[PDB]
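Quick heads-up: it's one chain on its own, the form deposited in one PDB entry, in structure tokens.
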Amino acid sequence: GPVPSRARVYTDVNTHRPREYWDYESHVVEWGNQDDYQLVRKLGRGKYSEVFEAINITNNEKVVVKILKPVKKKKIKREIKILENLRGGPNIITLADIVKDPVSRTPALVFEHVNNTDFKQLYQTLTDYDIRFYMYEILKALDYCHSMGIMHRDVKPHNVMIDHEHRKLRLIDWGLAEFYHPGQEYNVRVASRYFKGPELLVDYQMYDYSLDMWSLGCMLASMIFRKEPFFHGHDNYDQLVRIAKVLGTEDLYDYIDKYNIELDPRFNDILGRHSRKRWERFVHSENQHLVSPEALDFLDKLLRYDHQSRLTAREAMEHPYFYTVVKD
């Protein structure tokens, strides 16, 4: 069978927490007053929720209301419990309230307002300094949730909300997040296609926090090279081929051999043989002001096939790439 794996950090955080902390199925929801919130306009609809701008009429302040679509009581409690555990942590979206929506008959999560700048337009203007700054802010959120025993599992530009005016960032949509338990096998159908780690793409279930670091690397590559998304696969199989055309096939085989993983035989016809590439080939006159040896080395240390070889969030914050970022 497959060789087992463990997170190299924060391995036993939930092991030594009290059970109430991670046993979300037993969580009892404290409901607020739904009449406190007046929906103003619909902001978006996803597979699992609808999101509204609203006003809290007890203080006339803007809030965001996330009305959950019907799904397992468990997935709902999971998100709720994770948001409550992480509340107050650096750059984590703040759950302010939970109410029963009378129409959907589901929970509506109430969040602090976040004034977004759309990432497709935002990523067009970000300077070298901006990219470093906001990456550091994302790392704070990831080190925090990882240190608290939780992996996000859906890190992507859409879930990183940025108020560029006040240089404020929030990591949102914890609906796919999970508690890390050593030796636990997880569903590989998480994250958006372009941000799925190799572990998901080769069906290795015993993954951990380090999955988020691959996704972060994909975000970094799209930003400093001005190519979004960076690995642009047409499906989950082609997604792995796109990655192997950059990282090379021999290290992919080293990866799956280490964990005694077997590739889907459907790869026999499409994978081919590919050298590992140097990151400089993606640099050109239109993105070179965003690239430095520090950026390339940092990217290189995030985008590793072997989830155990990737930088942890904390190690990432130690990287010379962030030396120029002003510390508060």
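Throughout, we count residues from 1 along the sequence that is shown. For the two forms, the rigid core is made up of the largest set of C-alpha atoms that agree within 1.5 Å on superposition. Only residues modelled in both forms are compared.
In what follows, reference is made to the form solved in complex with a partner chain, a form of this protein that is not presented.
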Report summary line: Assert contact residue (the partner chain, in the bound PDB entry, non-hydrogen atom within 4.5 Å, options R45, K277, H289, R273) equals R45
Report summary line: Answer key: of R170, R132, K156, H146, within 4.5 Å of the partner chain in the bound PDB entry (heavy atoms) is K156
Query - Triple contact flag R189, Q205 and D264 to the partner chain in the bound PDB entry, non-hydrogen atom at 4.5 angstroms - result: yes
Requested in this report: Choose from 136-144, 210-218, 245-253, 190-198 the stretch whose residues reach within 4.5 Å of the partner chain in the bound PDB entry, heavy atoms counted.
Outcome: 190-198
Query raised in the report: Is there a heavy atom of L86 no more than 4.5 Å from a heavy atom of the partner chain in the bound PDB entry?
Result: no
Query raised in the report: Is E185 one of the residues lying within 4.5 Å of the partner chain in the bound PDB entry, judged by heavy atom distances?
Result: yes
Query raised in the report: Is the gap between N268 and the partner chain in the bound PDB entry 4.5 Å or less for some heavy atom pair?
Result: no
Requested in this report: Check whether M161 has any heavy atom within 4.5 Å of a heavy atom of the partner chain in the bound PDB entry, and answer yes or no.
Outcome: no
Query raised in the report: Which of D101, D97, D238, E84 has its C-alpha displaced by 2 Å or more between the shown form and the other one after core superposition?
Result: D101
Query raised in the report: With the two forms aligned on the rigid core, where do runs of 3 or more residues move by 2 angstroms or more at the CA atoms between the shown form and the other one?
Result: 101-106, 264-266, 268-270
